[PDB]
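Numbers here simply count residues along the sequence, with the first being 1.
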Amino acid sequence: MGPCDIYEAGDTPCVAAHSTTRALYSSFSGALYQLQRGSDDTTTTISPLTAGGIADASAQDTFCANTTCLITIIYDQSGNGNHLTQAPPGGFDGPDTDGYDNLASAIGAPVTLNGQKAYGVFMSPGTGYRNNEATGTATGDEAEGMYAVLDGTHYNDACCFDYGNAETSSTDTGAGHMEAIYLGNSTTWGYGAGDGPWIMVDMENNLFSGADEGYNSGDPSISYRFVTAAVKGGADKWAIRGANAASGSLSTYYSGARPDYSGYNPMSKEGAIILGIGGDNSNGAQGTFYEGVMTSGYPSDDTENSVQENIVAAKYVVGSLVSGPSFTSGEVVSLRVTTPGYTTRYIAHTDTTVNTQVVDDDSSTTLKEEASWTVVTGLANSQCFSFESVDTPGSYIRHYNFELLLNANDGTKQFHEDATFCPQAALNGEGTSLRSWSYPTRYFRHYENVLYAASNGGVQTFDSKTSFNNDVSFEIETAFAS
Ligand SMILES: *[C@@H]1O[C@H](CO)[C@@H](O[C@@H]2O[C@H](CO)[C@@H](O)[C@H](O)[C@H]2NC(C)=O)[C@H](O)[C@H]1NC(C)=O
Ligand SMILES: OC[C@@H]1O[C@@H](O)[C@H](O)[C@H]1O
Ligand SMILES: OC[C@@H]1O[C@@H](O)[C@H](O)[C@H]1O
Ligand SMILES: OC[C@@H]1O[C@@H](O)[C@H](O)[C@H]1O
């Protein structure tokens, strides 16, 4: 039995089931999600290896070789056709073309389920999926349940990393017009105990951690690498239950009446489905989605417990984020450009501007150091790395507005994430391609001799597809600064 088989057995069937890692029905063998590669913009789908099995990761690896991939669609496994596609603009515009939100990279969240490789949906700020014409989802004050397996270490405090029921117009139509899971450490509305993140319920114009607007001591911080967030809502009742998706049971953080404020009872749910964004399309949040569903009816705690047991049984384990050459902490290197006509240039910097410059043995000691980098354990992820300037110790290469800059480490999470890059076998086959950890659709990329965190095609001029593969491939050589 899969999660939806369990929910069905409890008389509160899935009306929407999404996952890029596995089938949520023991009998599902259809498409889990769709891919699109930057090379030729063609697409393909990824299905379970076997009915009710794990996603065929190899099929994706094959399709995305020597290029970049985006997850265009996360299919609804229930049969209701509630597929999630690129979120459109609404109260707020997304950063993509015509106000749409970005699609997520297909390789930002590698994992293994009971030993089998799979990919989750790593969502950076500006990313979002949605379906504004879903079927079977609860509307009005109708009861519903939902859960999602997320990454408790990947989040932020901006609105809003959600998964659940939302407005069909992508606008904030008022209190009670939403009901979705939220995971992050936003304190703009509600918030729990500690430093966060907290699993809360977005009911529109409020993220609730409990009965009162704002602070609620009953909602603990939950930062497990894999978090099971289970939320449900019915006639003047709702609950928050959380757990380590890798082990143990669900704990109830809240169970009771609707917050006693106008508009929350009865609810006015609209039935749309959102992922990684807010109801009005607020798109500043980040997070990772592995699997999740929405149901019809209020799930009993027993049913959810069985679901949690199934998720634990799935044995989620973090996958490798690195491929190709790679480095060792403390190693000093120089990175050479492999793009024809610029092969004598190296990644260097002039003050805070990271760029490429012709560097050779006749270069000054200062320029040699400016083109030399001390590789250290990734500031935001120990699997990846951060690049510290040799001439300016304490400063690292970090992206800011997608431009690579050399700034001093201020010790903040933001800086840490902006300065973490994951090595990937060079797309052009020559050396390495440094993929941004926080924005997996972006790579170290030189454009007109300046470094950026660029995507294979995009709204910025430096995201040009022209010479992308070459512009993101660098040869690792001995540092000039020795
Ligand atoms: C959510 O959590 C992060 C991480 O603990 C908080 O970020 C810090 O941000 C403040 C405000 O800029 C800085 O003084 C600290 O130096 C940061 N600490 C770290 C460890 O990065 C963030 O403020 C929290 N958000 C809210 C709304 O409370
Ligand atoms: O309720 C929290 C957020 O506030 C509104 O702006 C968004 O639609 C919603 O997700
Ligand atoms: O580079 C993209 C974003 O721009 C800046 O606002 C942030 O520091 C960074 O994460
Ligand atoms: O960075 C130098 C060149 O400038 C641009 O024309 C290309 O993207 C790049 O190869």
Side-chain angles (χ1 to χ4, degrees), residues 3 18-22 104 108-113 118-125 127 146-164 180-187 190-202 207-210 216 218-231 239-254 275-277 284-293 304 307-312 314-319 321 378-384 412-414 416-417 420 437-438 440:
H18 309 103
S19 180
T20 53
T21 65
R22 64 166 179 153
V111 298
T112 58
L113 277 64
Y119 291 104
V121 186
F122 195 93
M123 304 176 77
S124 50
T127 303
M146 64 195 80
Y147 88 81
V149 171
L150 315 167
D151 184 338
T153 65
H154 183 208
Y155 67 88
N156 66 10
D157 51 23
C159 186
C160 275
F161 191 72
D162 293 9
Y163 175 65
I181 294 172
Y182 166 86
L183 180 61
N185 75 306
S186 157
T187 64
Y191 63 95
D195 301 316
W198 307 287
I199 293 171
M200 295 188 281
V201 175
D202 195 332
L207 292 181
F208 282 108
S209 55
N216 283 292
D219 202 11
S221 292
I222 186 163
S223 55
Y224 297 121
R225 185 55 184 67
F226 297 105
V227 175
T228 294
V231 164
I240 296 177
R241 303 186 77 210
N244 180 340
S247 174
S249 56
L250 284 166
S251 290
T252 298
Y253 300 155
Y254 181 79
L275 174 61
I277 51 175
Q286 56 184 30
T288 300
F289 179 89
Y290 293 108
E291 69 175 69
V293 316
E304 292 176 312
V307 170
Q308 166 63 187
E309 175 170 58
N310 174 280
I311 294 171
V312 166
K315 297 179 181 179
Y316 271 83
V317 175
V318 178
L321 281 159
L379 290 173
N381 180 287
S382 65
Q383 276 199 62
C384 307
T412 70
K413 164 177 177 173
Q414 185 63 60
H416 289 177
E417 308 193 321
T420 300
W437 173 82
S438 63

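Counting all heavy atoms, side chain and backbone alike, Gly152 lies closest to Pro197 at O-CG, 3.5 Å. The nearest pair of heavy atoms linking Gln308 to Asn244 is OE1-O, 3.1 Å. Residues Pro110 and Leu321 approach most closely at CD-CD2, 3.6 Å, considering heavy atoms. Between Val312 and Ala246 the shortest heavy-atom distance is CG1-O, 3.8 Å. When all heavy atoms are compared, the tightest approach of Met123 to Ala104 is CG-CB, 4.4 Å. Contact record, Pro125 with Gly284: CB-O, 3.5 Å, taken as the closest heavy-atom pair.
Looking at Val293 and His18, their side chains never come closer than 4.5 Å, going by heavy atoms from C-beta outward. Taking 4.5 Å as the limit, some side-chain heavy atom of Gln383 sits within range of a side-chain heavy atom of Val318. Using a 4.5 Å heavy-atom threshold, the side chains of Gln286 and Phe122 count as separate. Residues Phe226 and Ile311 form no side-chain contact, since every pair of their non-hydrogen atoms from C-beta on lies 4.5 Å or further apart. A heavy-atom distance below 4.5 Å is found between the side chains of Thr228 and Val149. Side-chain contact check for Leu207 versus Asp202: some heavy-atom pair is nearer than 4.5 Å. A 4.5 Å side-chain heavy-atom check between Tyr290 and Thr20 finds every atom pair outside the cut-off.
Residues satisfying the side-chain hydrogen bond (donor to acceptor under 3.5 Å, both in side chains) test with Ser209, not counting sequence neighbours, are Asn216. Qualifying side-chain hydrogen bond (donor to acceptor under 3.5 Å, both in side chains) partners for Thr21, counting only residues two or more places apart in sequence or in other chains: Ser19, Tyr316. Judged as a side-chain hydrogen bond (donor to acceptor under 3.5 Å, both in side chains), and not counting sequence neighbours, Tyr182 has no contacts.
Atoms NZ and OG, from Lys315 and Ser247 in turn, are 11.5 Å apart once rounded to the nearest 0.5 Å. Going from atom CE of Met200 over to atom CD1 of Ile181 covers 12.5 Å, rounded to the nearest 0.5 Å. Between atom CG of residue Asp219 and atom OH of residue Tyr253 there is a gap of 7.5 Å, rounded to the nearest 0.5 Å. How far OG of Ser249 is from CZ of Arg241: 8.0 Å, rounded to the nearest 0.5 Å. Rounding to the nearest 0.5 Å places CG of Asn185 at 11.0 Å from OG of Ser223. With rounding to the nearest 0.5 Å, the separation of OH in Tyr163 from CE in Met146 is 8.5 Å.
The closest donor-acceptor contact from the side chain of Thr420 to the backbone of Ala380 lies under 3.5 Å.
For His154 and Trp437, the gap between ring centers is short of 6.0 Å.
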Assess whether ring pair (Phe, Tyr, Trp, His ring centres under 6.0 Å) is satisfied between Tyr155 and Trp198, documenting all intermediate values. CA-CA 10 Å; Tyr155 67 88; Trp198 307 287; 8.7 Å; no

